[PDB]
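Notes follow once the structure below has been shown.
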Amino acid sequence: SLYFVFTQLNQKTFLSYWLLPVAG
Amino acid sequence: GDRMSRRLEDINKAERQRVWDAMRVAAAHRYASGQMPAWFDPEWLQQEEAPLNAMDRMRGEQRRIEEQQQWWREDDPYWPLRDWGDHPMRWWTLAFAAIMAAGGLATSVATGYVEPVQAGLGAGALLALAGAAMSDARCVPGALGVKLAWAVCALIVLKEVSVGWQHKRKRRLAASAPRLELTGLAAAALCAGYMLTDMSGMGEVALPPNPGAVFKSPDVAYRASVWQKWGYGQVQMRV
Amino acid sequence: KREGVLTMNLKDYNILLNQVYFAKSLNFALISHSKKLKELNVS
Amino acid sequence: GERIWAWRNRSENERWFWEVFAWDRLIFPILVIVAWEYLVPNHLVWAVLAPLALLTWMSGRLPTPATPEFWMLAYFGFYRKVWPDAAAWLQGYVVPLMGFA
Amino acid sequence: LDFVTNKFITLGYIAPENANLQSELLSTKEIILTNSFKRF
Amino acid sequence: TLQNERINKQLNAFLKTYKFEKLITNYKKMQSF
Amino acid sequence: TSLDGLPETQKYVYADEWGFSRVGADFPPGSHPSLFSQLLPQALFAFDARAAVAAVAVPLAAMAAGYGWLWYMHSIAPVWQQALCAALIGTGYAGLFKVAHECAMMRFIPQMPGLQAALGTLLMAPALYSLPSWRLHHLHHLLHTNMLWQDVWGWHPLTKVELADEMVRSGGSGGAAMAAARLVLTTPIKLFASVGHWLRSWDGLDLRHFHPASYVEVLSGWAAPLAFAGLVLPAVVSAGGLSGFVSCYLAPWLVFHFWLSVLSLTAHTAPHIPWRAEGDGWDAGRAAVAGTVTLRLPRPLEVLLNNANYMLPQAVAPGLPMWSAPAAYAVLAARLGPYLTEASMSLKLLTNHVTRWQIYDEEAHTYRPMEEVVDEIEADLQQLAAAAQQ
Amino acid sequence: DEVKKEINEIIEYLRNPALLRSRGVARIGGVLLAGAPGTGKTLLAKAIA
Amino acid sequence: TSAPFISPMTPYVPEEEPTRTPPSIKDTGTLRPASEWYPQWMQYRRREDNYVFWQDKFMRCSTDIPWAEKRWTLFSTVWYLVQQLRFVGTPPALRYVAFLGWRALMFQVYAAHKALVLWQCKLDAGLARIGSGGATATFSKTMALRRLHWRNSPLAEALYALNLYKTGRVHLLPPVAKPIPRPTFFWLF
Amino acid sequence: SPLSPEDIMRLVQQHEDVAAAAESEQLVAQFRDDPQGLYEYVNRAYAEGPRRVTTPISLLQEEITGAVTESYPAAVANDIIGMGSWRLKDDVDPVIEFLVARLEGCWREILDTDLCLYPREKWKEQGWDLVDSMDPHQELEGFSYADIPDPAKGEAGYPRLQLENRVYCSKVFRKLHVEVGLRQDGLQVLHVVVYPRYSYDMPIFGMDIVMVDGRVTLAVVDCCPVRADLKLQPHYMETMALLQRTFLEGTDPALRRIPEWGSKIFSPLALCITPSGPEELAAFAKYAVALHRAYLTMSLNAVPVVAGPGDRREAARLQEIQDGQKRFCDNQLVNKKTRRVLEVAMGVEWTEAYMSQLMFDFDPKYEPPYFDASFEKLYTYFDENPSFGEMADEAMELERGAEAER
Ligand SMILES: CC(C)CCC[C@@H](C)[C@H]1CC[C@H]2[C@@H]3CC=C4C[C@@H](OC(=O)CCC(=O)O)CC[C@]4(C)[C@H]3CC[C@]12C
Ligand SMILES: CC(C)CCC[C@@H](C)[C@H]1CC[C@H]2[C@@H]3CC=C4C[C@@H](OC(=O)CCC(=O)O)CC[C@]4(C)[C@H]3CC[C@]12C
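Protein chains in written order, with the authors' numbering: chain A, 318 to 341; chain B, 93 to 162, 198 to 366; chain C, 2403 to 2425, 2443 to 2462; chain D, 203 to 303; chain E, 2924 to 2944, 2953 to 2971; chain F, 35 to 67; chain G, 261 to 650; chain H, 533 to 581; chain I, 67 to 255; chain J, 85 to 490.
Structure, rendered in structure tokens:
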């Protein structure tokens, strides 16, 4: 009965940030 | 006191009215599907006020009025500023729909382009339907009508000032750029006149409330509901 | 069909509270308790 | 001070949106998926299979068709990296078996 | 008095023996009492 | 067929009683108070 | 009942003077137009699929043949070929519109009320007609049939005292109103006066004329027409230009409106039919059966228009289906023969409707020519002025 | 019966906390079982757990 | 009388919850600013009767907010950025200077409006003369005050000008302007 | 083969008389199946028992502390009230008590959506709701029945007479009047009369009991016509006959004599009896009770006789209604037994006024209003069929999906 929304992706780690500068 | 009596009486009147309205709604949903005890007279759903509140108002009114007696129309010039039951911006909506359809047909036959007549007739039809539903401003259609009218005139202003008209293309590139012409100005005057009159209806449609609106709410079941919806059903409610 | 409305006057809940708890509070849990009793009984 | 008090009482939803929702649950996942699919050559092990594993490990739940993550992955990764070629593969290997060539 | 007594008996009331553990009126009873003052 | 004389008799009842129902209401007005 | 009981010889010479096939007998007061429904056999109210599907698909095929013939030679056709295709398509649409008017009164397929209401709405749309306003106006007609000052959703005749009132109110016969009335009730454009009726629907586009518990239904009723004239009418123009619009839409429209107007005008107007105000001698069964006319068609036109001229078999029985309207008439003449009235297609009848029967006078209780009436009420103005010089 | 129905909420909090939130009960963090001296209070916890 | 059960001589017009917070307690209906901490009337009442100042504060700020000012829409979540800039991203000193400038400007605007109102009363007194033709050079203080407090819609003043110029009757005034409700559309604004 | 202007009128007559017969049959169809239940309703209500009220508040109260709330059908209720708060009770015979309780309970239970009390400036302000012969000017504020002792034999004021009235209005009925009078010598009377409104075509109801030292000396009950032909509608006659077969069986038919003032008002089935013993009295009581209840249940479905402009038939019908009601009205005051009872004690100048304004007053231009309180039927309804507010539904689906785990 939730909504159609994302989850957090960074409550566990930080590695995902490594993806933004590289692509930039 | 005399100052707390008023508070109590306004609370009571508001509660009586709310319960009568809930009754009208639930009785309509029970009678439109058969299960009504056959003494039910379906004309009761037309009594708007409430029987109790009405008796109170009638008694008070007769007491007041008994104890106080211990174009142009030269008999009333202010005939327009009188409540007839419909929205004020009602003949403007129909006038603009007629103007739109007439200009659409005229220009799209006198040139040969197929866009102006389609736009003009669509705008005219939607504004005519809106000006029809705006003929009873007390009901719910009287509100969805103003909504539809504002939406259509806003879309007109948008298309004009941001994309311009196909039949107004020229060879240059700075002269064939979209500016604001007459029909856009009229549509903008319409949106402004709608907003300055009454568009306050159907106010319970908005984005749903966050867990940030129920942080200090005094009710636990509501807050748990909101958290559960927004994806936080597991967080502990140390509250 | 389906209707979400409250045909109950809140003064009745207030009266029941004052009676049984001066001789929890007015929230949605109370109204839900009411509905649960009604349903499990009428069956 | 009085103005800040009145303004805080009328804007709780917008406040929680901008402080908790705007980046962490709206903009960052979009950016991360688009960025990953911009890199990461057009295979299936890289465009679909490893994204799912890493998304479930990070977010702590599997992306099902009930979630926006599954649909973002599907569209970008599958439709724009493996489909324009697996389409030719099926058009040259499996459709001849059936009636129409 | 007679009319209101008839109505109240048919609406419901707590029997003397059935009370093991009347400060205010419910809402239907108030509609009935107001109308009864209007009629009689 | 019954589905059709049903409609027939119903419209007939309506058309025959209209005139009396117009007068019974000119009556459900002066009495209540 | 205006030229009631007297020897049948003079009523027959009147019927031959007016083109009428018959003149009614005497009808006594105190009756209900639903009475004579007890005579019809219990099988005349039967339902069957084949007759209905024929009644809907035959004028459809007529219209489709006409369009195909036109689009085959879209605009290179001469004028009278265009007129032939327009007449054919308009007749097919009059038939489809009678099917519509059937499902509006709920007597077409009572088995599926939703499907039949949707069919009525869809088929009324291309003519710009709202189903519920039509149904309300038709019941309001049935209730006040041939009543003075009360049936304005039929062919309400123009009377004498009101025309004298307007004569004084305009200060002569030279104003716009008098000229408009003259030109509309004197030339064959009268045969298209139903167009004005179409403008009297959309009751100002105003929900304040209706019952609140009906609003959401009335608006949807105004939706299907509007949507049409908002979506399809542009497309046609876009793909056909002005002329290509006066061809594939406007002419079949004028044809259908001609058919409608003449059907009604000849069904309920005649010199042997008086128009009484109720209280001053009105009656339901009398003004229903005695003040009516039934018209004759060639069986091709009768299978096309779908029995569009039998209005009495379904005024004695409002629930009588459509493929049974002739058969029921077969029974009615067996019983009320002397009181019925009948007529046929004749340009003489129309010419007398145009030139002779123009103004209704309540003194002689009959119709008179407009120029004689206008000169004579000018003479009565001379009279009242003679009484006014002193 | 008293303690039966006043711990039929402890049991369900142990089973389904989301159901008890729907009853205005935020959380149960600590309970006391009082009685007359000579109660054998450890007897209940067995069947409860 | 659509009402089946009860129909008093005055028809029932439904009441709906308000959509905006009332003027504070301190502001005049006009354009001039207020005394900026304490109203002048507070000095002519008993000390035990001026709890209404702080009570009105508590009401407008925390206790009676009409549920139409807490609607979450796409427009309000950008107005949030604007307001949060103004309240957290600007130093109070610049805010104070802007405040002083705005106060001065509004005072000048009020003076201009008052002059315009006086000129309007002259013109209307002059036109009612042509209207009634005869003796009345008068106006109505009612209309002057209603013009100074913005209580007339433009249609009302137009109808009043016509009525004056045609029949005089300088004491026949348009009914009143009613308060504008808060516009709402959908999740949009 | 065709028809003539005379058989179509025959056809309209056929149809309309058939319709009248149909509705007249529909009226009696309900009584026909079981007539014994027109008197035996109270015993059945007692048999079925107390009913447990189940509203959400009632259930909540019952589950919090212990309290069960009970209700009773209106027949049981009007049997607990009895001759409830009449001021002249305790001196009224037990038969008159039974009859008054039953009649007023019927009025309260059957007409409870429009039963107003008659306008008070007509009877209750002059003080005609309680009348004493020792205090005709009302200087004891209406407590004379308590402050003044009974006069002894030969004293001024013997024999003392006192009356108590009650008058109601309603939708169909323009006056429902009950009155009880006692004299000191031992005479007690009871006089009931129910008048329909001038716009309705129904017969008048009337009942009189007169008893002397606990022995009924005269008992008459009549559902009396209002037409000039003195014949009721088929349902009225059918019901009276069916009821006489049900209750008056085994009773002397030669006792229902027609008094000299009777046949001018009496329906051919009217009853006038001088009972002999307990059996005659019990049978007559059950019969009068069932007849009154039937009369009211029949009025429950009545429709006014409206005279549309253009119809003279209905105007003549309304004129006939007026003539019949007035004929009965001035034909009842010549029942000079009770009138001489009144005039031997209260005088004549007071009796003329009291009688002409209350007893059998007739004023075609005056019928009082009534108060239509049917909307209450809604409120009570929605107290056993409530709907809860869109938030209890989530919780109830939670509870259903939780308990069904097992
Ligand atoms: C100012 C700029 C940055 C745009 C801001 C957009 C947000 C306000 C939007 C974007 C995504 C939206 C969400 C996307 C999907 C849903 C599900 C959808 O659910 C419903 O329809 C619930 C209906 C109800 O139960 O009332 C609407 C709410 C919600 C959470 C939306 C709430 C509003 C959000 C956060
Ligand atoms: C332009 C064509 C090809 C497409 C179809 C257009 C119709 C949907 C329009 C054209 C004529 C319009 C009618 C013209 C005149 C009026 C009167 C007008 O109302 C009034 O004038 C109110 C009464 C009054 O002023 O006395 C608006 C409704 C109505 C029926 C209009 C309804 C909409 C109609 C039928």
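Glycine included, C-beta positions come from ideal geometry on N, C-alpha and C.
For residue i, decide whether its Cβ has a neighbour in chain H, counting only Cβ atoms nearer than 8 Å.
i: C/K2457; result: no
i: B/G339; result: no
Does any residue of chain C have a CB that is nearer than 8 Å to the CB of residue i?
i: J/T381; result: no
i: J/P203; result: no
i: B/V111; result: yes
Could you tell me which residues DSSP puts in a beta bridge with residue i?
i: J/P280; result: J/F257
i: J/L245; result: J/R267
i: J/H275; result: J/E263, J/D292
i: J/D306; result: J/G290
i: J/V300; result: J/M295
i: J/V251; result: J/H261
i: J/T153; result: E/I2937
i: G/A603; result: G/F280, G/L555
Is the CB-CB distance between residue i and residue j below 8 Å?
i: G/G265; j: G/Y599; result: no
i: G/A585; j: G/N567; result: yes
i: G/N406; j: G/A547; result: yes
i: J/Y279; j: J/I293; result: no
i: J/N249; j: J/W191; result: no
Chain I beta carbons: is any one of them nearer than 8 Å to that of residue i?
i: residue 177 of chain B; result: Between 162 and 198, chain B has no modelled residues, and residue 177 of chain B is one of the positions in that gap.
So that I know if they touch, is there some Cβ in chain B lying closer than 8 Å to that of residue i?
i: D/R210; result: no
i: A/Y334; result: no
i: residue 306 of chain D; result: Residue 306 of chain D cannot be examined here, being either before or after the span of chain D that is shown, 203 to 303.
i: G/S335; result: no
Does chain G have any CB closer than 8 Å to the CB of residue i?
i: residue 25 of chain F; result: This structure does not reach residue 25 of chain F, given that chain F is present from 35 up to 67, and the question cannot be answered.
Compare the C-beta of residue i against all C-beta atoms of chain J and say whether one is closer than 8 Å.
i: F/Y52; result: no
i: B/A146; result: no
Taking 8 Å as the CB-CB limit, is residue i close to chain E?
i: J/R192; result: yes
Could one say the Cβ of residue i lies closer than 8 Å to chain F's Cβ atoms, at least one of them?
i: J/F455; result: yes
Validate contact between the stretch 2414–2425 of chain C and the stretch 122–135 of chain J using beta carbons, cut 8 Å, 3 pairs: no
Any chance you could list the residues with Cβ under 5 Å from a heavy atom of ligand 2, keeping chain order? G/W462, G/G464, G/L465, G/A489
Three CB pairs or more closer than 8 Å across the stretch 344–364 of chain J and the stretch 296–309 of chain J: yes
Exercise answer, beta-carbon shell around ligand 1 heavy atoms below 5 Å: Per the Cβ criterion, the list is A/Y320, A/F321, B/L334, B/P335, I/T143.
Three-pair Cβ contact test at 8 Å for the stretch 44–59 of chain F versus the stretch 2956–2970 of chain E: For the pair of segments examined, the stretch 44–59 of chain F was found not to touch the stretch 2956–2970 of chain E: the number of CB pairs separated by less than 8 Å stays below three.
Taking 8 Å as the threshold, find out whether the stretch 330–341 of chain J comes into contact with the stretch 368–377 of chain J through three or more Cβ pairs. yes
Is the number of C-beta pairs between the stretch 89–102 of chain J and the stretch 233–243 of chain I that are closer than 8 Å three or more? no
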